[PDB]
Amino acid sequence: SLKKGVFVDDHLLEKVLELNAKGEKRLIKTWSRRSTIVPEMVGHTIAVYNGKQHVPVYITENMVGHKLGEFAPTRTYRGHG
Amino acid sequence: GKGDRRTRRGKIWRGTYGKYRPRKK
Amino acid sequence: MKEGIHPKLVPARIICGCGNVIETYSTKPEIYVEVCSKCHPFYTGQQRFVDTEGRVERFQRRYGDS
Amino acid sequence: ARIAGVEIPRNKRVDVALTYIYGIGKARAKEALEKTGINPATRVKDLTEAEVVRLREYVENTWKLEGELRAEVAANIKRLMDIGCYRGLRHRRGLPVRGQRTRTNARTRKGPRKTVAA
Amino acid sequence: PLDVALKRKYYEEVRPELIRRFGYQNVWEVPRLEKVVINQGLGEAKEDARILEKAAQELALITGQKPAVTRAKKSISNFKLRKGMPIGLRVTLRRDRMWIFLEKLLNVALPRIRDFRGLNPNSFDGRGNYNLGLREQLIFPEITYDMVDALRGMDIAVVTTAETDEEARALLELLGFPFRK
RNA sequence: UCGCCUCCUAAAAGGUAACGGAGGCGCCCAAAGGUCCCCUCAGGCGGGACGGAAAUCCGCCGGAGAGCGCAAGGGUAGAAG
RNA sequence: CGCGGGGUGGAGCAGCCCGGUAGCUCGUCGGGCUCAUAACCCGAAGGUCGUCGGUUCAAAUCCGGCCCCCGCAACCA
RNA sequence: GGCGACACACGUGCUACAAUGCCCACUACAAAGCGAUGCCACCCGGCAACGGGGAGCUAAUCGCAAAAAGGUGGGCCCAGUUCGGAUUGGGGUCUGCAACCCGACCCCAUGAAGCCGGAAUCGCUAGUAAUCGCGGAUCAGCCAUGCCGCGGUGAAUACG
Ligand SMILES: [Mg+2]
Ligand SMILES: [Mg+2]
Ligand SMILES: [Mg+2]
Ligand SMILES: [Mg+2]
Ligand SMILES: [Mg+2]
Ligand SMILES: [Mg+2]
Ligand SMILES: [Mg+2]
Ligand SMILES: [Mg+2]
Ligand SMILES: [Mg+2]
Ligand SMILES: [Mg+2]
Ligand SMILES: [Mg+2]
Ligand SMILES: [Mg+2]
Ligand SMILES: [Mg+2]
Ligand SMILES: [Mg+2]
Ligand SMILES: [Mg+2]
Ligand SMILES: [Mg+2]
Ligand SMILES: [Mg+2]
Ligand SMILES: [Mg+2]
Ligand SMILES: [Mg+2]
Ligand SMILES: [Mg+2]
Ligand SMILES: [Mg+2]
Ligand SMILES: [Mg+2]
Ligand SMILES: [Mg+2]
Ligand SMILES: [Mg+2]
Ligand SMILES: [Mg+2]
Ligand SMILES: [Mg+2]
Ligand SMILES: [Mg+2]
Ligand SMILES: [Mg+2]
Ligand SMILES: [Mg+2]
């Protein structure tokens with residue numbers, strides 16, 4: 001962890017803070033999975049990238065301290081046989 | 001034993017210091 | 001009640017995290033009750049002590065100061 | 001005698017028998033012993049029904065214990081699952097949640113091995 | 001004994017509250033509380049009926065009545081069970097002795113249950129009697145914890161002269177039955 | 001296949017045939033007997049720890065669909081259970 | 001059509017009488033020995049008993065139908 | 001992003017299954033190497049990791065540093081346990097642009113398998129094998145239990 005910290009990339013942090021006071025909210029693709037999420041991210045739809053493609057993720061209040069790459073997993077599985 | 005980080009021996013093994021292996025001398 | 005075959009059920013005294021229940025009237029007089037809820041610790045007469053829900057409560061708090 | 005929940009420890013020691021309670025041990029134990037100023041070297045067999053309620057009232061009230069504790073850890077994980085998060089998937093699928101390596105022994109979290117052909 | 005605090009409590013302050021609430025032309029129409037039947041089913045003791053009489057000894061201790069023994073209606077394969085054998089104890093208490101036990105249950109037993117965020121309020125049987133069941137017997141005062149060889153719970157059934165659950169609910173609430181709302 | 005019991009055939013008394021249609025008996029029970037006293041089912045729905053379609057319990061509905069050692073039939077709780 | 005026997009893990013056979021309990025050899029799977037394979041050794045998996053009905057508390061097991069298998073018979077004409 | 005995937009299968013290892021043992025306290029005896037873009041005594045803060053401060057050293061001259069087992073004292077009393085610390089919950093520290101995937105470390109909680117291991121199979125003949133700690137290279141940090149080395153204590157047994 002960090003603490004004197006709580007790092008979030010500013011690429012999107014613009015468009016987030018902007019989609020609060022604009023009056024409009026819509027679909028935003030980012031590569032930044034290293035960042036943390038919320039508070040002003042909530043209600044917003046963000047497309048993260050797993051290395052393959054941009055994945056939509058709905059954002060709510062219990063997703064708080066979690067990095068963005070948590071809700072966009074990097075692998076494909078479905079078991080073995 | 002050497003694997004319990006909650007003891008003197010554990011700490012020594014892992015090479016660390018703490019409540020169970022204070023740095024003092 | 002058939003005469004024979006029976007616990008006594010004689011007036012008693014009894015205790016808890018509270019004072020007495022003079023009521024008693026049981027077998028085996030003078031018993032020690034560990035703690036009750038009624039007598040109002042532990043749930044009834046809601047203490048709500050130690051209280052939870054702090055998990056959504058926290059992550060939204062330590063967060064935007066940092 | 002019994003502390004929070006039912007959980008009756010006995011004989012042994014007082015500081016040791018306290019561990020047998022869920023949510024408690026070592027540190028939390030030797031803590032509540034001088035916080036009630038009770039001798040830890042003593043055996044739970046014998047001690048004043050006073051310092052018993054001294055000792056119970058403290059612990060039961062200080063921090064949360066076996067019943068409501070486990071219920072909370074249960075709820076933490078439920079939260080971690082179904083939020084959809086990656087910590088939560090490895091709970092869903094019963095696989096190890098913090099790093100490690102699944103190509104070989106995850107056995108504690110994986111169950112016993114269930115073999116197949118080559 | 002005919003005194004018994006809960007009995008008393010029922011007459012002064014439970015009855016009248018009840019009449020104020022639903023309102024009742026007749027003294028009888030206001031619910032009485034009849035029959036708490038305590039039933040232990042034990043498959044546990046099946047081929048061993050020796051274990052049984054220790055459990056019966058136990059009910060007596062907390063009830064003050066010796067229980068009778070239920071024996072198996074029909075014979076059924078999948079879990080053992082000759083149609084002969086004893087399944088469990090069932091003890092009927094009324095009239096004082098129910099009261100002196102329900103008190104003990106309200107003010108001692110149920111408190112001592114691990115967790116217990118309160119009695120389930122859907123177990124009213126729709127014609128207004130209520131049922132619950134318990135996992136361990138050592139939640140009772142008369143039991144010492146060193147006299148338990150093994151855990152066996154029971155089924156408590158409480159019969160009520162109230163025609164509905166609503167009314168029935170009211171009675172037991174007002175008596176002091178902790179409810180999970 | 002050969003004696004015995006039950007049902008149909010059998011034509012509303014009895015009886016009535018065919019290498020007609022279908023089943024059973026060659027035992028069993030010292031309690032599964034006598035009597036006096038009591039008790040009343042199967043099923044359905046609701047409720048109750050381990051109890052699940054079904055172990056036990058509580059509530060209501062349930063005129064007999066249960067039970068009557070075993071086949072069927074007649075009978076039967078106002079008992080034969 | 002007739003009488004007798006049968007049908008059970010992948011293969012081949014027990015178990016059915018006498019209700020409650022599925023076993024044996026081989027094969028298959030995982031490991032070992034060997035440079036390696038075979039042999040050999042240590043472990044494991046694998047079945048609802050042709051099927052539909054009925055009997056019983058309970059059916060591979062007792063009773064009935066049907067479907068296959070094998071065996072015997074079909075003479076005087 | 002992946003090389004870190006997990007129904008499984010093998011090699012090399014680490015930690016154990018305890019009483020010749022575990023824990024806490026006090027008390028000793030090494031060697032070899034590293035370090036002034038670093039090693040950091042010492043004072044404070046903090047349970048602690050660590051953080052403030054801050055002196056000495058281009059280093060037989062200051063620092064890493066406590067060696068550990070051992071010793072002494074006391075505790076545990078044969079228990080899946082004061083054994084064993086895998087898994088998981090919450091709280092943090094540091095590096096780093098950044099620790100979701102994938103870091104190491106501290107604390108509270110959690111305490112799993114494990115009661116010496118089937119067929120089989122490895123090393124070692126002496127200051128060796130066991131066992132105990134210590135340093136370095138790479139390196140921001142670290143998944144090191146690895147590897148190259150250093151010393152402490154120190155067996156057994158070879159008919160053939
Ligand atoms: Mg330990
Ligand atoms: Mg991994
Ligand atoms: Mg209801
Ligand atoms: Mg009623
Ligand atoms: Mg007829
Ligand atoms: Mg006629
Ligand atoms: Mg006629
Ligand atoms: Mg008689
Ligand atoms: Mg009935
Ligand atoms: Mg019924
Ligand atoms: Mg029911
Ligand atoms: Mg009939
Ligand atoms: Mg009949
Ligand atoms: Mg009939
Ligand atoms: Mg076969
Ligand atoms: Mg093989
Ligand atoms: Mg071979
Ligand atoms: Mg057949
Ligand atoms: Mg059947
Ligand atoms: Mg001739
Ligand atoms: Mg690799
Ligand atoms: Mg290793
Ligand atoms: Mg075990
Ligand atoms: Mg990662
Ligand atoms: Mg042992
Ligand atoms: Mg081994
Ligand atoms: Mg040599
Ligand atoms: Mg390094
Ligand atoms: Mg090292």
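What follows is calculated from the coordinates using simple rules that are stated; it is not laboratory data. FYI the Cβ positions are ideal-geometry reconstructions off the backbone, even for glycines, and counts take in every protein chain you see.
From the list D:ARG87, D:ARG70, D:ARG93, exactly one residue is basic (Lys, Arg), away from RNA strand G (no atom under 16 Å from the Cβ) and exposed (fewer than 14 other Cβ atoms within 10 Å of the Cβ). Which is it?
The conditions single out D:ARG93.
Any idea which of C:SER26, C:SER37 is touching a helix residue (DSSP H, G or I) at 6+ places or on another chain (Cβ under 9 Å), under 24 Å from E:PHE116 (Cβ atoms) and without any contact (Cβ under 8 Å) to a residue 12 or more places away in the chain?
When all the criteria are applied, what remains is C:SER37.
Counting just the residues of the range E:151-181 that are within 11 Å of RNA strand F (Cβ to nearest atom) and part of a helix (DSSP H, G or I), which one comes out surrounded by the most Cβ atoms within 10 Å (Cβ to Cβ)?
E:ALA168
Using the structure shown, decide if A:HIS44 is more than 14 Å from chain C (Cβ to nearest Cβ) and either away from ligand 1 (no atom under 16 Å from the Cβ) or touching a strand residue (DSSP E or B) at 6+ places or on another chain (Cβ under 8 Å) (or both).
yes
Closer than 19 Å to E:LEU6 by Cβ, over 13 Å from the mean Cα position of the chain (by Cα) and surrounded by fewer than 17 Cβ atoms within 10 Å (Cβ to Cβ): which single residue out of E:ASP146, E:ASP96, E:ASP125 fits that description?
Every option except E:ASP96 fails the conditions.
Checking C:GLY45 against (1) at positive phi; (2) facing another protein chain (nearest Cβ under 9 Å): exactly one of these is not met. Which one?
Just one mismatch for C:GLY45, condition (2).
Does the range D:47-56 include one or more residues that are more than 16 Å from RNA strand G (Cβ to nearest atom), in a loop (DSSP other than H, G, I, E, B) and within 28 Å of C:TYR32 (Cβ to Cβ)?
yes
Residue by residue through the range D:92-118, note down the ones that are outside any loop (DSSP other than H, G, I, E, B) and within 13 Å of chain A (Cβ to nearest Cβ).
Within the range D:92-118, just D:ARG92 meets the criteria.
Just one of the numbered conditions (1) at negative phi; (2) away from every other protein chain (no Cβ under 11 Å) is not true of D:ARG70; which one?
That leaves (2) as the condition not met.
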